[PDB]
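Undergrad: Below are the C-alpha cells for one structure; questions will follow.
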Amino acid sequence: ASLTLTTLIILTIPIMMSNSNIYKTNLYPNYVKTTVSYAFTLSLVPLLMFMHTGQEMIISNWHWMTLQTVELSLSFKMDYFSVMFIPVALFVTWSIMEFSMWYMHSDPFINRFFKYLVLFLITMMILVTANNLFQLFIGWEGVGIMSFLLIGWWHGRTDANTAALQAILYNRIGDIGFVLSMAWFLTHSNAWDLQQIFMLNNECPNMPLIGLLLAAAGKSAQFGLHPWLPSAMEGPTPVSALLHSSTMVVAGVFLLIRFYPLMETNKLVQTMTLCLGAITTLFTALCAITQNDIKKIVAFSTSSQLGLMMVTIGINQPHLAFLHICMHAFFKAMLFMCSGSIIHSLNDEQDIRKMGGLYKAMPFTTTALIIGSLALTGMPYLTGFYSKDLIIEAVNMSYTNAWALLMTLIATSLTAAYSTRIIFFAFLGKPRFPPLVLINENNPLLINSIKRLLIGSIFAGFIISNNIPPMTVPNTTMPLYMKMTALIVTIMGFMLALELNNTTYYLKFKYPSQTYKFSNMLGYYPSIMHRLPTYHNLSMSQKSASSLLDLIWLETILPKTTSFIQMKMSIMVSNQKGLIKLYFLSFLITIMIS
Amino acid sequence: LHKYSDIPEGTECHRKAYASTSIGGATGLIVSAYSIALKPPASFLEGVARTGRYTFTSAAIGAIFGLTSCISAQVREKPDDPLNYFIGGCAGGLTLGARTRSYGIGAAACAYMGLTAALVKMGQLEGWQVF
Amino acid sequence: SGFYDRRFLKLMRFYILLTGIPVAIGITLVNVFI
Amino acid sequence: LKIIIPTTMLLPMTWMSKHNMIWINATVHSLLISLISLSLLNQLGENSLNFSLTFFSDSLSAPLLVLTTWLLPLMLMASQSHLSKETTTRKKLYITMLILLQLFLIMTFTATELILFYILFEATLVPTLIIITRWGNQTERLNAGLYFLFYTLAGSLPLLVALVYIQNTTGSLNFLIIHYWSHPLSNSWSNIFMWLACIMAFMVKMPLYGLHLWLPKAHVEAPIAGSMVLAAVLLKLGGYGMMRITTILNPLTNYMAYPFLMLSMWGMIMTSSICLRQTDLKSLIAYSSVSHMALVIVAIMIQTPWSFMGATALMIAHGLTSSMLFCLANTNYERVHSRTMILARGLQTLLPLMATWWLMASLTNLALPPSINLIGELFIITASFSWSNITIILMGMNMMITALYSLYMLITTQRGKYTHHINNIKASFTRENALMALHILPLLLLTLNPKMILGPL
Amino acid sequence: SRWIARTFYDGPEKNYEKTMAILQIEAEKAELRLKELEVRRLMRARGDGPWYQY
Amino acid sequence: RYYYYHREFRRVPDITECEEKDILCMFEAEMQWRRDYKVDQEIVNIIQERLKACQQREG
C-alpha cells in the first residue's frame, strides 16, 4: 500500500523543486532521470508482491467533497492493470529521459522541457491508477493539455501551433462522449465509481457505452479521428516518442479496457468497436505504405497498432488487448529513438527520399531498427509475437464478422510492408544524403538507452507471457493453417513490397496512378475534412452569427426600434412652431371631446 | 363600446364587424381632428382629403380586425382564448400596411397591433381594471 | 532581461514562506501534543 | 453590520489621506476588511445564518460576499498606474466610486427584504455608470453608457411594481417568511405576467442571449476598474437574485422555462461561435462571459439541486477567471495601445511570465479538471441531462468551442513572431505580476475546499 | 477548531433564538398589514370609521 | 487530553399538527425535518460504502 503510493508521489517532488535555484542550474535534469530511475526501482516491488500471491488493492485515502448520496473521493485502485502498467511507463520514460538529454543538448529552456515531461507522466499515472471515474477524467484531460504544451514546443512556426490546436480539438470531440457517459452513470447508476457501476449494471445500457466509445476513439485516433496523430509528429521527436508512440494514445483504449464487463453486457458495443477498429487499421496502414517522413510512417504505424488492439477489445478479449500495449511501447519507443539518432545525425532531414543508405554508417542504430522492425512485424518468438499472434489467432477462432477479420489480415500484411519500406530506404541503398557527413553515433548515454530498450524488446514478451496468470484460457486445436496465416501474410508483405521496391529501381519514368495519389494523400481526408467544415463554420460565424444575427438584427429589434420611434414622436410633438391659433383651437376640440 | 362588447362570443360576424368599423371610424375622426387642428392644412379641400384619408384607414382597420376575429372564432371554434383575436391583430397591421404602401410599417404594425389586441382579450378574460 | 521576473518570484516566495513557516510549524506542534 | 461600517469608513480615510499615499491607504485597509469578511464564511449546515432584523447571511451569499470584498484591492492595483496625471482631488473622488460601489454590494447580498434588495440592486447602477462614462477611453463609451443603463431599468422597473404587488396580496415581503409561507401560483394569465415580471430583470442583468447586446459594448469602453466589476460581479448578483425569487413561483416554472431554455441553450453555442471570430480581444473576453452565463441561467431554470450547486460554483469561478482575463488584456493594451489582437503578435518572445499567466488563465477558462470552473459546469450538465437526455448534444458543442477560442486567444496574441517595430514594450512591472497572481492563487486553493463554495443546497 | 469555536463564534443557540424572534416579529407585521387593508377597504366603503370621513 | 463529545437534539412535534399559520411550529418542525433529511442522506452514504466494500472484496 505504502509502496504504490510512493511509486507515484515521489514523481511530484522535482516539479516542486522547480522554483528552487537548482532548477535554474544546468544540473537539474539528471536529478530527474535519476528520479525516475529510483521510481522504477521502487516500482518493481508491488509487481512482485502482486506475483506469487496475486493480491490486489484499492485505497481512497481522502474524500474530497461529500455531496448528498454521492461522495466522490480520490481512489487509487491498484488492480492487475494498474500495477502491471506502471513499471512500463517508468521504464520507457526513463529511457526517453536519457535520450532527450542528448537530443536537446544544444537547446535553451531544456530544463523547462524536462519539467513538462515529468508533469506529463504524472498525469498519465493519474489516469492509469484512478478508480473513481472523475479522477479518471482529470487524468484524461490533463494528459490532453500536456499533449498541447509539448506539441507546440517549437512555438515559432505556425504549423506546430495548428498541430497542437488540432490535437486538442479532436480530443475535445472525444471528451463530449466522455462527459455524456460520465453524466449518465450518475443519473442512473448513481456512482462515478467502478465498484458501484460494475455492481448495479447487470441490465443492458443501451447508450452510455457508445458515447464512452467515442471518448475512447478520442485519444486512440480511430478512423474518424485519426489525423491529429500524424500531425502530432511536428513536435520535437522525443516528445512524439514519449506518448504518441505509447504513453498517451494507448490510454484512449485503456479506458475502454477498464470497463470490459459492461461491454460484455452488450453485443453492439463489441460489435461496433470491432466494426471501426478494423477499418482504421486498414485505412491507416494504407497511408503508411507510402510516405516519406520517418516519423509519419512510424505514426501511421502506431495508430494502426491501436486499431488492431481495438478490435482486440471488440473481439471480446480485453486481457490480451491490454497485453499488446505493454509490448507495443518498447517497439515504438525503439523506433522513434533510433529515428531520432538518424535525424539528429544528419542535421534533421526527415524525408527518406534523400535519407541516405547508411547501413554501415550507423551500425548500432541499424541493429536497433532491425530488431524493432522484426518485433513490430511479429516474428515467432520475438516480443511482438506474444501479442500479435495470440490476437489475430483468437480473432480467427472467434465467432464474428469476417470482413473485419479480412481487414485485420490486409493490415497485418501492410505492417510488414511499411516496416520493410523504412528499412530499405534507411539503409540498403548507396547513400544519397548531401555530402559532408557529420555523422556520429557516439555518445554513451544514447547507447545505454537503446540497449535497455532492446533488452526489454527481446526478453519481455517471453518473461511477461510466462508470469501472468492464465486469464486467456487458450484456444489450441483446429486447424494448422490457423497459426501459419500470421506468418504467410507477413511473407507476402515482404515479397510484394520488396520486389516492388526493387522494380522502382529500374529507370522508366511512369507517373502516378490514382491509388498512389490517394494513399499518399493520407486518404485525402485531412485535405477535405479540414478545408471544408471549418470554412462553413468560420464563414457562418461571421456571415451570420457575428453579423446579421446579432450585430444588425438583434440590435434592430429593440434598441433601434424605440430609438427611432422616439425620433418620430419627438419631432412630432415638439413641432417647433407654436402659433397660438393652432393649439388653442386644439384646446377647443379637446374640450368638445372631454 | 358597450354595443361592440355584446359580441356575443363571435356569432354573426357582420354584426360585430359593423361595430368595430364604427369604432375605427370614431378614432379616425378624432385623429383627423387634432391633425387638422395642429397641422393647418392650407386650402380646406386638402383638409377634407386628409380627414378622408385617416377616417377611411382607421375604419378599414376596424372592419378587417373585427371580421377576421369573429371568423376565426367561428372557424377554430376554440373560441375563447386570446390568440383568437391575435390573428386579427396581426391582420390589422397589414391593412395599415396596405395604405402606407410599405412593408416596414406594415410589418411592425402587424406585431404590435397583434400583441395589443391579444392583451385586450386576455384582459376581458381577467377583469384587468386599467382605470 | 530576466531580472524583473526572478525578482518577482524572489519576493513572492519570500513572503508566502515568511508567513509560511510559523504556520506550518504551529500546525505540527499542535499535532504532536494537544 | 460589523464588516459594513469600516467599508464606509475608508471614505473619510480616503478624503483625509495625504495626497500621495492614498493608494496605500485604500489598498491596505481593503485587504484587512477582506480578511474580516472571510470570517463570515462559516455559515451553518442547517438554518441560514441570521443577524439583525434587516440582514441575514445564507450560504449562497457568503462566498459571493467574500469575493466582493476581495475585489476592491485588485481594482486598485490595476487602476493605480492607469491613472496618474489626474489631479489629486479627482483621483480621490475616483476611488470613492469603487468603494461606494462595493458598499452597495455588501448591502445587497445580505439583503433581507426583497424591496431593500431591489433598491440596492438598482442602486449599484449609478457609480458604474459614472465610471464607464467619465473614465472610459474613446468616443463610443458615451453611447455605451446608455445601453448599460436602460437595459437594466427597462428590466428592473416592472420587477419593482411586481414586488410591491406581492406584499399586498400576501403579508410581508421579507425573505424568510416568504420562503416558508410560499404558496403556488398557477397558469391563468395574470400569473404568467407575474412570472415574467419577476424574472425579466434578473435575466437582463445577467445577460441573456437575446438581450446581451449592451454587455460587450460596455466592456469595450470601460476603464478596467469598471470592467472587473461589471464582469465579475454584477452578472453574478443578477443570478443571486434570480436564485432568491425562485422561492416563489412553482409549479409555473415547469411550464414557462422552455422559451428561455431555448434562448439560452442556443445562445450559448451561438455566442460562443461569434466568440470564435472577434477582431479585438477586449470583446472576445466579453462574449466568452456571456457564453458561460447562459449555463448559469439554464442551471437556475431547471431548478434541480445539482443545478443550483453548479450555479453557485460556476458563478464564482467565472467571476475570477473573467476579471483575470480582463486585467491581463489591459496590460497589453497599455503596453502597445493596439487593442486589436493582431498587432500584439509575438509577445511571448519578448517576455515570459505573462505568457505563463495567459496559460493559467485561458487554461481555466476552457475549464479542465479540477478547476472549480469545470466542476461547477459538470454538475449543471448532469442535472440538465437528467432534465432531457438530448441536452448533452448541445452542451458538448459548447465544450468544444470554448476550447478553441480560448486557446485561440492564447496562440494568436502570443506564440509566433514578434512584430518588428513595436519598441514600446517595457518588461513587466511588479504590480502586474502581483495582481494576476492575486487573481489566480485563490482560484487554485479554492479547489481544495469546494464544500465551502457549493452553497446552500 | 475548538479554539476558533471559542474565540470567534458561538453555539447555534444564539442563531436559533435570534431566528425565532425574527420570524415572530416579521410575521406580526405581515398579519397587521393585511388586517389594515381590510380595515381600510371597509372604512372607506362605509364611512362608519373615524378616519375616512370627509 | 482535553476532549469533545457528541451533541444530540431533542424531538419536537412535526408540521402536520401545527396550524396553518404558526410560523414557529413550522419553523421548529422544519429544522427537525431538515436534520432528519441530512441524516437519512448520511445513512444512504453508509450503505453505498458497504456496497463498494463488498464489490472490491470479492476476488
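Residue numbers (the entry's author numbering), protein chains in the order written: chain j, 5 to 598; chain Ag, 6 to 136; chain Ai, 60 to 93; chain h, 2 to 458; chain u, 118 to 171; chain Aj, 60 to 118.
Note that CB positions come from ideal geometry on N, CA and C, so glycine has one too.
(1) When you compare each of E445(j), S79(j) and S86(j) to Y363(j) by their alpha carbons, which one comes out closest?
(2) Under 9 Å between C-beta atoms, does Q72(j) make it to chain Aj?
(3) Tell me residue 611(j)'s beta-bridge partners as DSSP assigns them.
(4) Can you give me the C-alpha to C-alpha distance between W133(Ag) and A116(Ag), rounded to a whole angstrom?
(5) Does any residue of chain B have a CB that is nearer than 9 Å to the CB of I178(h)?
(6) Determine the closest residue to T275(j) out of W407(j), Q354(j), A219(j) and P537(j), with distance taken between C-alpha atoms.
(7) Name, in chain order, the residues that DSSP records as bridge partners for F466(j).
(8) Compare the C-alpha of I96(h) against each of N399(h), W16(h) and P7(h) and name the closest.
(9) Strictly under 9 Å for the Cβ-Cβ distance: is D352(j) near chain Aj by that measure?
(10) Once you ignore the five residues that flank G456(h) on each side, which residues in its own chain have a CB closer than 6 Å to its CB?
(11) Out of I303(h), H220(h) and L209(h), state which residue places its alpha-carbon closest to the alpha-carbon of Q139(h).
(12) Compute the beta-carbon to beta-carbon distance between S453(j) and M341(j), rounded to the nearest angstrom, for a pair I have assumed lies under 8 Å.
(13) Compare the C-beta of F92(Ai) against all C-beta atoms of chain h and say whether one is closer than 9 Å.
(14) Quick one, which of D281(h), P7(h), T9(h) and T89(h) has its alpha-carbon nearest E222(h)'s?
(15) Nearest chain Ag C-beta to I584(j) closer than 9 Å, yes or no?
(16) Would you mind sorting residue 600(j) into buried or exposed? The rule is 16 or more other CB atoms within 10 Å of its CB.
(17) According to DSSP, is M411(j) helix, strand or coil?
(18) Can you name the residues that DSSP bridges to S58(h)?
(19) Which residues share a DSSP beta bridge with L186(h)?
(20) Around the Cβ of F68(Aj), are there at least 16 other Cβ atoms within 10 angstroms (buried) or fewer (exposed)?
(21) Buried or exposed: which applies to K271(j), given that a residue is buried once 16 or more other Cβ atoms fall within 10 Å of its Cβ?
(22) Taking only the alpha-carbon atoms, compute the straight-line gap between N434(h) and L36(h) and give it to the nearest angstrom.
(23) Below 8 Å on C-beta distance, what does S590(j) contact in chain Ag?
(24) Rounding to the nearest angstrom, what Cα-Cα distance links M186(j) and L418(j) in this structure?
(25) Taking only beta-carbon positions, decide if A202(h) is within less than 9 Å of chain j.
(26) Classify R245(h) as buried or exposed, calling it buried when 16 or more other Cβ atoms lie within 10 Å of its own Cβ.
(27) At which residues does the alpha helix (DSSP H) containing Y171(u) begin and terminate?
(28) If distances are taken between C-alpha atoms only, which option among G46(h), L231(h), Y210(h) and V297(h) comes closest to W267(h)?
(29) For residue 22(Ai), decide whether its Cβ has a neighbour in chain h, counting only Cβ atoms nearer than 9 Å.
(30) Can you name the start and end residues of the alpha helix (DSSP H) that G361(j) belongs to?
(31) Exposed or buried, what is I167(h) when buried is set at 16 or more other beta-carbons lying within 10 Å of its beta-carbon?
(32) Does residue 201(Ag) come within less than 9 Å of chain j when only Cβ atoms are used?
(33) Listing by chain order, which chain Aj residues have their CB less than 9 Å from the CB of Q170(u)?
(34) In three-state DSSP terms, what is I395(j)?
(35) Taking C-beta pairs closer than 9 Å, name the residues in chain h that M69(j) reaches, listed in chain order.
(36) May I have a chain-ordered list of the alpha helix (DSSP H) segments no shorter than 4 residues that lie completely inside the segment 155–208 of chain h?
TA: If we stick to the structure as given:
(1) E445(j)
(2) yes
(3) Residue coverage of chain j in this structure runs from 5 to 598, which leaves residue 611(j) outside it and unanswerable.
(4) 22 Å
(5) Among the protein chains of the structure shown, namely j, Ag, Ai, h, u and Aj, there is no chain B.
(6) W407(j)
(7) Its beta-bridge partners do not exist; DSSP assigns none.
(8) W16(h)
(9) no
(10) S60, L61 and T313
(11) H220(h)
(12) 7 Å
(13) no
(14) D281(h)
(15) no
(16) The requested residue 600(j) does not occur in the structure, where chain j is confined to residues 5 to 598.
(17) helix
(18) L50(h)
(19) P252(h)
(20) exposed
(21) exposed
(22) 21 Å
(23) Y39, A42 and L43
(24) 37 Å
(25) no
(26) buried
(27) Counting along the chain, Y171(u) falls outside any alpha helix (DSSP H), and DSSP gives it neither H nor E.
(28) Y210(h)
(29) Since the displayed chain Ai opens at 60 and closes at 93, residue 22(Ai) lies outside it and no answer follows.
(30) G361(j) -> no alpha helix (DSSP H), and no H or E assigned at all.
(31) buried
(32) The structure shown does not extend to residue 201(Ag), since chain Ag is modelled only from 6 to 136, so the question has no answer here.
(33) The premise fails here: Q170(u) is roughly 33 Å from chain Aj at the closest Cβ pair, so nothing lies under 9 Å.
(34) helix
(35) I376, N450, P451, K452 and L455
(36) 176–181 and 191–206
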